[PDB]
Asker: 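Encoded as structure tokens, here's the structure I'll be asking about.
Worth knowing before you read on, the calculation uses all heavy atoms, side chains too, and leaves out hydrogens, waters and symmetry mates. Lettering of chains follows the sequences in order, A, B, ..., and the numbering in each one begins at 1.
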Amino acid sequence: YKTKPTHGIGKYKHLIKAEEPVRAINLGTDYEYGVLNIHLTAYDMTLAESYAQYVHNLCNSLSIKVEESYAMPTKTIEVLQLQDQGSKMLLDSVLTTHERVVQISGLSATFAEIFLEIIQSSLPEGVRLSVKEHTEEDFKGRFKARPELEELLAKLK
Amino acid sequence: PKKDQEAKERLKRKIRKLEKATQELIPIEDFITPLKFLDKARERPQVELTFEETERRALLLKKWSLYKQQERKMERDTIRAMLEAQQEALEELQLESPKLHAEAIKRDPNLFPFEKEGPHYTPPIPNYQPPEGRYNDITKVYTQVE
Amino acid sequence: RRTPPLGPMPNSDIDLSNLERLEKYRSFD
Amino acid sequence: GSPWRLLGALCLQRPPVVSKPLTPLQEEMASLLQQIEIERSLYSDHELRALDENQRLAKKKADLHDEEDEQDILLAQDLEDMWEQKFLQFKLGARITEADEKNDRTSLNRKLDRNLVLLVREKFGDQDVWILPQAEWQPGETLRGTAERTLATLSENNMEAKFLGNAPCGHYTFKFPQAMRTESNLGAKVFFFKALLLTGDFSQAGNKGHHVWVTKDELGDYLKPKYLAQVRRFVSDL
Amino acid sequence: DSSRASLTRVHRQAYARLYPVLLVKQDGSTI
RNA sequence: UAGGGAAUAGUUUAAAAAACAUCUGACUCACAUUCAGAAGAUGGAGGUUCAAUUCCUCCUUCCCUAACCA
């Protein structure tokens, strides 16, 4: 009851984060990096995932906020090979590139050195660590191509 | 114009409608299961493990847990030492010269993008001639309608 | 009208400035 | 100026070129993981083909004739033989190199599966002391430049190293001997900075008595115990 | 260490057997 | 002032078609007619619905009626 010293003892909504409904991306300050995209490309999916999983728990262990962990579409490259003493290039290998992303944010500037060292140290054989800064270009690259918008865009050109 | 300019303004309407439309996410072929795998003919016969096999696999996984504990132990000690080194160096630097400390704690704009390749199984051959060939990308192109 | 609490109120020692940083009871138990 | 002499050291490392061999415990687990994968996997294309062809042979032996006139000339079993022949003729690289047999400690081709640090032989007061390459800080310059300055003051080399950030991974302070210690030079304050040797190497003029690349396992015999102690906190063999 | 997160299995329900092979790159290095 | 109804290709009517206009061609010495092709719209914005030509609500717009008794 409001007039009582115990008023508000049942308050709880201030302890929760405000989740009241697209979303603006928050860039980092001058002493912390913004959203960072830890890409993990590889020819063996199991190795791409096993290391993406490893770095999620690693980030989780270091109290580094992991905004999102997602997979990028698979790229299928057909290795063609010139036949011996001939001309017709005959396919032999069909390789596939599996990329996995672990999106973090709030990495301290001074601590980024220690973190970057640990992750590169543990990199498996066959996997490429590409750590870049998150940008709208990367986010848009995960969405299907829209041919209609391109056709209408040509009219404006 | 009543028709030429009509279309010119209809473009803005199309842009607004399409821009406000939802964007579909490209599927990840890794997660989707092809229908050919559903065929039961592919299913291989299952062989029951012997008692000794099940006993040694259970004994191995036990060791694997204590092993992976040792790994994580050394990994935590390394990060600790590194953190302690920086913290002790930062303090004396600030007292010695606050002007350098201010710059030292700043972020490095050139640190990223940071790309690093993983080790290979065998090192490169100094003089190896790779065979001639071509790379043909066949990545399925997915198109969003509506 | 308000009466001040007679002692520490529940949940007062929780720093809500760094809400997103604080650990959570991810579990019921 | 300040009484202390600012110094910028470089903690250059070459990340391992090959993966480390699996230990006996890891070897058994890898064998089991492959074994489990087979048991939980569906018949592959090649495996399925092989089975089918073996059946056609029985329809071409016990049966009067096989109506399938599509008999694969190359069987799957036979096709595996061609693949196996290609591997035997091919020769891999040498994980264990010649520096191992000859114990060369001035090359970047030693301990391919380990991490190596750059040690340089300096002459300090008519005395040979092994330290991490360093340069003296200059007024009107950030401590990062001092680290980069060391690279430009090294013996003929095309070494290109990627620095990690801009923070001193460590420090080491020592007092000059009482003979030469003075009010203007109380001591020194070194600040180590890590970088990843990417491409390049020193020339062939003089590298024997100029520098060595150790793996942190022999770093003791060279570095001053005191120095060495303050040097093994940031350099991690892992 | 390049073995920390290297020992894996295929984590699926239905998948075709996969054989270990060495991919010889254009530089002679293998994985 | 207050209520109701109505915004569909450039046009006019349908429930996204049709006839015109336009564009391309054929026929003609040429044009028109004619013939054969082609493109061409749901007023804007805001929704829901398994799906919006009959549905919103608003804006913008045009119309229709009413505005009386002392």
Side-chain angles (χ1 to χ4, degrees), chain B residues 36-47 49 53 56-57 60-61 63-64 66-68 70-71 74-75 77-82 84-86 88-93 96-97 99-108 110-111 114-126 128, chain D residues 2-4 6 15-20 23 25-26 28-29 31-32 35-36 38-45 47-48 51 91-95 97 109 112-113 137 141-144 162-173 189-192 196 198 230 232-238:
Chain B
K36 61 185 176 184
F37 293 170
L38 170 60
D39 192 55
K40 49 183 174 60
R42 291 193 173 268
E43 298 176 352
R44 78 172 63 259
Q46 302 286 2
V47 177
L49 302 177
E53 182 62 24
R56 67 191 294 91
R57 289 187 182 196
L60 181 59
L61 277 161
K63 303 160 192 163
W64 190 238
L66 180 47
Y67 185 70
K68 296 296 288 183
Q70 288 301 330
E71 312 308 301
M74 304 150 181
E75 181 169 339
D77 290 343
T78 303
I79 299 180
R80 175 172 169 176
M82 290 175 171
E84 288 292 346
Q86 161 183 324
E88 163 169 346
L90 177 157
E91 283 166 17
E92 60 176 25
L93 180 63
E96 181 54 32
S97 65
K99 291 188 183 182
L100 278 299
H101 176 262
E103 296 300 324
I105 64 179
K106 287 300 190 302
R107 68 192 271 195
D108 173 25
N110 309 347
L111 178 52
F114 169 84
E115 288 165 4
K116 169 68 172 57
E117 291 279 354
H120 295 122
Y121 173 51
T122 55
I125 300 299
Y128 165 86
Chain D
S2 60
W4 304 99
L6 277 178
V17 175
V18 298
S19 50
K20 184 177 178 181
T23 70
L25 294 76
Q26 297 186 304
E28 309 177 51
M29 189 69 187
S31 176
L32 174 57
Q35 202 175 337
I36 294 172
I38 298 302
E39 295 157 13
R40 306 180 61 98
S41 65
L42 301 174
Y43 277 142
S44 63
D45 301 350
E47 184 59 43
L48 201 52
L51 303 168
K91 305 171 185 57
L92 299 165
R95 296 175 52 92
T97 80
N109 193 66
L112 301 198
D113 62 359
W137 175 79
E141 183 70 2
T142 51
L143 201 51
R144 309 178 67 261
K162 156 58 171 183
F163 284 88
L164 300 174
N166 67 335
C169 66
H171 81 108
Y172 174 80
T173 75
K189 292 183 157 182
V190 178
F191 290 97
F192 307 91
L196 319 177
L198 318 169
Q230 290 282 318
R232 296 168 66 177
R233 291 175 301 101
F234 44 89
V235 186
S236 170
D237 68 300
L238 170 73

Asker: Who among D/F192, D/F163, D/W4 has the most heavy-atom pairs with chain B under 4.5 Å?
Answerer: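 Highest number of pairs under 4.5 Å: D/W4.
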Asker: Given the rule in the side chain to side chain contact (heavy atoms under 4.5 Å, CB included) test, do D/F234 and B/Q86 qualify, once you have shown the distances and angles that lead to the verdict?
Answerer: CA-CA 9 Å; D/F234 44 89; B/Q86 161 183 324; over 6 Å; no
Asker: Measure D/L198 against the heavy atoms of chain B and call it side chain, backbone, both or neither at under 4.5 Å.
Answerer: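 Neither part.
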Asker: Quick one: pull up OG1 in B/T78 and CG in D/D237 and give me the separation to the nearest 0.5 Å.
Answerer: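 CG of D/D237 is found 7.0 Å from OG1 of B/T78.
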Asker: With a 4.5 angstrom heavy-atom cut-off, which part of B/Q46 approaches chain D: side chain, backbone, both or neither?
Answerer: side chain
Asker: Tell me, side chain or backbone of D/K91 under 4.5 Å from chain B's heavy atoms, or both, or neither?
Answerer: neither
Asker: Non-hydrogen atoms of chain B under 4.5 Å away: do they reach the side chain of D/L32, the backbone, both or neither?
Answerer: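 D/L32 touches chain B through side-chain heavy atoms alone.
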Asker: Is it the backbone or the side chain of B/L90 that comes under 4.5 Å from a heavy atom of chain D, or both, or neither?
Answerer: neither
Asker: Could you check whether any side-chain N or O of B/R44 sits under 3.5 Å from a backbone N or O of D/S41, counting only pairs where one atom can act as donor and the other as acceptor?
Answerer: yes
Asker: Less than 4.5 Å to any heavy atom of chain B: does that hold for the side chain of D/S44, its backbone, both, or neither?
Answerer: backbone
Asker: Heavy-atom distance under 4.5 Å to chain B: side chain of D/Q35, backbone, both or neither?
Answerer: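 The side chain, not the backbone.
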Asker: Can you tell which of B/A81, B/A104, B/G118, B/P45 has the highest number of heavy-atom pairs within less than 4.5 Å of chain D?
Answerer: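 Maximum pair count with chain D is reached by B/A104.
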Asker: Heavy-atom pairs under 4.5 Å with chain D - which of B/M74, B/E117, B/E88, B/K63 has more of them than the others?
Answerer: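 It is B/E88.
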Asker: State plainly whether the residues B/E92 and D/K189 are in salt-bridge range, i.e. N to O under 4.0 Å.
Answerer: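 Answer for the salt bridge query: no.
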Asker: Quick one: pull up CG in B/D39 and CG in D/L42 and give me the separation to the nearest 0.5 Å.
Answerer: 9.5 Å
Asker: For the atom pair CD (D/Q26) and OH (B/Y67), what is the distance rounded to the nearest 0.5 Å?
Answerer: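 One finds 3.5 Å between CD of D/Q26 and OH of B/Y67.
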Asker: Charged N to carboxylate O below 4.0 Å: is that the case for B/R57 and B/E53?
Answerer: yes
Asker: Could you grab the distance from atom NZ of D/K162 to atom NZ of B/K116, nearest 0.5 Å is fine?
Answerer: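 The distance works out to 13.5 Å.
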Asker: Given the options D/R233, D/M29, D/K20, D/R144, which has more heavy-atom pairs under 4.5 Å with chain B than any of the others?
Answerer: D/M29
